[PDB]
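Peer 1: Handing you a structure now.
In PDB author numbering, the protein residues as written are 1 to 101.
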């Protein structure tokens with residue numbers, strides 16, 4: 001009834017009791033989304049972002065003095081290690097979506 005838990009978490013991914021969850025779906029999405037890009041584009045990506053987006057807040061998880069440090073670092077390390085996946089980015093063997101013209 002009263003009290004409980006707060007924050008949003010993934011499904012397949014099993015986060016331990018050492019990492020903290022995101023504030024809302026928004027931040028959660030930004031993290032994962034950014035991780036996939038930083039993992040696909042390369043480590044250098046994180047630099048360009050942390051550099052250019054120095055005033056941005058959505059990229060606060062990059063700050064070593066942030067609570068999302070472990071969360072982001074985890075999702076990223078996992079996505080690159082071959083544990084975390086984002087949508088169907090490999091195969092499907094079925095009709096795929098289309099782009100607006």
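Built from N, CA and C at the ideal position, the CB exists for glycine as well.
Report all residues from its chain with a CB closer than 7 Å to the CB of residue 22; omit the five preceding and five following residues, and keep chain order.
Peer 2: Your numbering for residue 22 matches position 22 in the chain shown. Cβ within range, chain order: 7, 8, 28, 31, 68, 71.
Peer 1: Please classify residue 61: does DSSP put it in a helix, a strand, or coil?
Peer 2: The residue you call residue 61 lines up with position 61 of the chain shown. Correct three-state label for residue 61: helix.
Peer 1: Within the chosen definition, does the region 79-88 reach the region 35-45 through at least 3 CB pairs nearer than 8 Å?
Peer 2: Contact holds: three or more Cβ-Cβ distances are below 8 Å.
Peer 1: Just to confirm the assignment, what range does the alpha helix (DSSP H) spanning residue 38 have?
Peer 2: As a position in the chain shown, residue 38 is number 38, starting the count at 1. Note, residue 38: alpha helix (DSSP H), 25-40.
Peer 1: Reducing DSSP to helix, strand and coil, say where residue 56 ends up.
Peer 2: Here residue 56 refers to the residue found at position 56 when the chain shown is read from its first residue. The answer is coil: DSSP assigns residue 56 none of H, G, I, E or B.
Peer 1: Which class does residue 90 belong to by DSSP, given the choice of helix, strand or coil?
Peer 2: The residue you call residue 90 lines up with position 90 of the chain shown. Coil at residue 90, not helix or strand.
Peer 1: Look at the alpha carbon of residue 19 and the alpha carbon of residue 4, and state the distance between them as a whole number of angstroms.
Peer 2: The count along the chain shown starts at 1 and reaches residue 19 at position 19. The count along the chain shown starts at 1 and reaches residue 4 at position 4. Between residue 19 and residue 4, the C-alpha separation is close to 18 Å.
Peer 1: Count the other C-beta atoms from every protein chain shown that fall within 10 angstroms of the C-beta of residue 76, then say buried if there are 16 or more, exposed otherwise.
Peer 2: In the chain shown, the residue the question calls residue 76 occupies position 76. Residue 76 is buried by the Cβ-count criterion.
Peer 1: Identify whether residue 43 lies in helix, strand or coil by the three-state DSSP scheme.
Peer 2: Numbered from its first residue, the chain shown carries residue 43 at position 43. If DSSP states are grouped into helix, strand and coil, residue 43 belongs with the helices.
Peer 1: Leaving out the 5 sequence neighbours to the left and right, which residues in its chain are closer than 7 Å to residue 35 when beta-carbon positions are compared?
Peer 2: Here the question's residue 35 lines up with position 35 in the chain shown. Once the five neighbours on either side are set aside, the close Cβ partners of residue 35 are 72, 75, 76, 79.
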